[PDB]
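*Asks:* Chains as they are written, first to last, in this note's numbering: chain H, 1 to 164; chain Z, 1001 to 1132; chain L, 2001 to 2029; chain P, 3001 to 3132; chain D, 4001 to 4112. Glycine included, each C-beta is placed from N, C-alpha and C at the ideal position.
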Ligand SMILES: [Ca+2]
Ligand SMILES: [Ca+2]
Ligand SMILES: [Ca+2]
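(1) Taking Cβ-Cβ distances shorter than 7 Å, what residues in chain P pair up with residue 2028(L)?
(2) For residue 1109(Z), is the beta carbon positioned less than 6 Å from some heavy atom of ligand 1?
(3) Looking at chain Z, is there any beta carbon in it that lies within less than 7 Å of the beta carbon of residue 73(H)?
(4) Less than 7 Å separating the beta-carbons of residue 33(H) and residue 100(H)?
(5) Does residue 1092(Z) come out as helix, strand or coil in the three-state DSSP assignment?
(6) To the nearest angstrom, how far is the alpha carbon of residue 1041(Z) from that of residue 4039(D)?
(7) Does the Cβ of residue 1060(Z) lie closer than 6 Å to at least one heavy atom of ligand 2?
(8) Between residue 1024(Z) and ligand 2, is there a pair consisting of the residue's CB and a ligand heavy atom that are separated by less than 6 Å?
(9) Are the C-beta atoms of residue 4080(D) and some chain L residue less than 7 Å apart?
(10) Please determine, among 1129(Z), 1066(Z), 1111(Z), the residue with the shortest C-alpha to C-alpha distance to residue 1097(Z).
(11) With a threshold of 7 Å between beta-carbons, can residue 3127(P) be considered close to chain Z, or not?
(12) Pairs of beta-carbons, one from the region 90-105 of chain H and one from the region 22-33 of chain H, closer than 8 Å: are there three or more?
(13) Closer than 8 Å is the cut-off here; do at least three beta carbon pairs connect the region 134-144 of chain H with the region 1096-1114 of chain Z?
(14) Would you kindly check if the distance between the Cβ of residue 1078(Z) and the Cβ of residue 1066(Z) is under 7 Å?
(15) Going along chain P in order, which residues have a C-beta closer than 8 Å to the C-beta of residue 1093(Z)?
(16) Which residue comes first and which comes last in the beta strand (DSSP E) that contains residue 1015(Z)?
(17) For a test of the three-state rule: what should DSSP assign to residue 128(H), helix, strand or coil?
(18) Please list the terminal residues of the continuous alpha helix (DSSP H) segment that includes residue 54(H).
(19) So residue 70(H) is in the alpha helix (DSSP H); what residue range does that whole segment cover?
(20) Given that residue 1029(Z) touches chain P, what residues does it touch there, using C-beta distances under 8 Å?
(21) Just reading off the beta strand (DSSP E) that residue 110(H) is part of, what are its end residues?
(22) What did DSSP end up calling residue 1003(Z) once you bin it into helix, strand or coil?
(23) Given this structure, state the Cα-to-Cα distance separating residue 38(H) from residue 122(H), to the nearest angstrom.
(24) Contact between the region 3052-3062 of chain P and the region 1048-1061 of chain Z: three or more CB pairs below 8 Å?
(25) For residue 1016(Z), does the count of other Cβ atoms within 10 angstroms reach 16, so buried, or fall short, so exposed?
(26) Chain L partners of residue 4025(D), CB-CB under 7 Å?
(27) Just checking residue 2010(L) against ligand 2 - is the residue's beta carbon closer than 6 Å to any of the ligand's heavy atoms?
(28) Reducing DSSP to helix, strand and coil, say where residue 1077(Z) ends up.
(29) Going by DSSP, what residues sit across from residue 30(H) in a beta bridge?
(30) For residue 133(H), name the three-state secondary structure that DSSP assigns.
(31) Of all the residues that make up the region 1006-1017 of chain Z, which are near chain P by a beta-carbon distance shorter than 9 Å?
(32) Using three-state DSSP, classify residue 4100(D) as helix, strand or coil.
(33) What is the residue span of the beta strand (DSSP E) that residue 44(H) lies within?
(34) What residue from 4069(D), 4032(D), 4060(D), 4096(D) has the CA that sits closest to residue 4048(D)'s CA?
(35) Going by the DSSP bridge assignment, what does residue 3114(P) pair with across the sheet?
(36) Would you call the region 1060-1076 of chain Z in contact with the region 2003-2018 of chain L, where contact means no fewer than 3 C-beta pairs closer than 8 Å?
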């Protein structure tokens, strides 16, 4: 009944809040699946520059068993659900290593203003390309500027610049 | 003459004292194994060879018990242990004489199995050898 | 001890993966 | 025409360089495995397939070496290693061209074997594929 | 009858993403497997039982060699011209000069 969109085969992806909810179906949910829950970890960044919640509430839940809406049907599953706007920071950074991540846009310019992006890295031998994507993120984060805390573990790929 | 062979990889993460239910069926001749049932029903009496590998979940637990069982009596067992929450297989392979109407399936004696979606890390594969 | 040595072996038909094996082990020096 | 298959699980633990004596024989068509000598006197020449899984004695020993040997030539080996002294399968599967009368048997090269009495953890199972 | 079966071990250690070329062939009945290539080309379409075991060999530090088995076994429906080989995704595979620790063995079950 609901509308979902799964992105796989994607080392790197970018999408505005609108880029994931076109059918206008209140309660539509976007999905991301890990290429290999053993040798790939998931790191996501969303620019709360725009209050997606302000236009429409937005949460994120992880899940190991394929579910477009049921996994959220009983949202009481409360699998680390994270309101993606209650961010007392300009940038929200989350990391996840389960098998499936889900973003739920539910009704209780800007569409092209907010922005979502995700990256997967070989926790053994990361790619210089993904490595510098991690690089840009870490830099912009330690600022966002309180250069105090941006714990985006990058073991096996410290930045060629400002790192080490 | 009789052509019976099956091979299915596990698809969802199973934990606790439940029967494993391999769903990613890759090859299924004769259609005797139902991925949904997660079990192999013998209809052609004879001798069969059943080999299974089950992956321990990483980061959780230390011990994993996978025990193949035909009907209600366990006929094989396998243990995987790693203190620092690594990945270690709990595999085994058994030749069994299955008469008509027998059921065989991998039962999970505690622990948490991996939840490979399509990589087919955990596998279950069997085939007949002789007809009675 | 800590460290960590993992290995992934793949057996593929024409490129499409048919079998995957994981070997993860640390010997705690 | 020839029909030979066998599958024996281990009953008692074996330590030191010796020929493991698999006694819990579950299926022994052809009767070519004598639990007494832990050997497989192949009367019918041809091609055989043998798989074997041996568990490491938990709590005693760290690295145990196992070798499947035909006559006096070591054709396959395995090495179970775990510093924390936990269990870990030493397993292998081989296809051999057995001659007339030769004997294939497991020889533990150091380490301590572990063998559930009826948990049939450690198994040794083979069958003939082609007849010469 | 098809008359196809092979079994081979590995002598030279491998690294990177290169495919594993099991060279020390014990039996290659049917000559459909190239020891140097370490690959197998199906010339008689049908069901084939394949299995592989590899001994991982790495570590750090006191320094020791981390040894564990990555193993699996499958049933594949091969057609004419299909290629089967064990590509090492990433890590290290120990190699015995004649010790025969890493094995790759296959044999046909049915003929199409
Ligand atoms: Ca281990
Ligand atoms: Ca893979
Ligand atoms: Ca192991």
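*Replies:* Reading from the atomic positions:
(1) Residues of chain P passing the Cβ test: 3083, 3084.
(2) no
(3) no
(4) yes
(5) strand
(6) 35 Å
(7) Because no heavy atom of ligand 2 lies under 6 Å away, the Cβ of residue 1060(Z) does not count as near it: no.
(8) no
(9) no
(10) With distances taken between CA atoms, residue 1097(Z) lies nearest to 1129(Z) out of 1129(Z), 1066(Z), 1111(Z).
(11) yes
(12) The region 90-105 of chain H makes contact with the region 22-33 of chain H; the number of CB pairs closer than 8 Å reaches 3 or more.
(13) no
(14) It is a contact, given that the beta carbons lie within the stated cut-off.
(15) 3051, 3053, 3093, 3123, 3125
(16) Unbroken run through residue 1015(Z): none, as it is neither H nor E.
(17) helix
(18) Per DSSP, residue 54(H) is one residue of the alpha helix (DSSP H) stretching across 52-55.
(19) Its alpha helix (DSSP H) spans residues 70-73.
(20) By Cβ distance, chain P contributes nothing, its closest Cβ being about 18 Å from residue 1029(Z), past 8 Å.
(21) Residue 110(H) -> no beta strand (DSSP E), and no H or E assigned at all.
(22) coil
(23) 9 Å
(24) Counting C-beta pairs with one atom in each stretch, the region 3052-3062 of chain P and the region 1048-1061 of chain Z have fewer than three that are closer than 8 Å, which means they do not touch.
(25) exposed
(26) Chain L residues near residue 4025(D): none, gap ~17 Å exceeds 7 Å.
(27) Yes.
(28) coil
(29) 5(H), 103(H)
(30) helix
(31) none
(32) coil
(33) 41-47
(34) 4032(D)
(35) 3055(P)
(36) no
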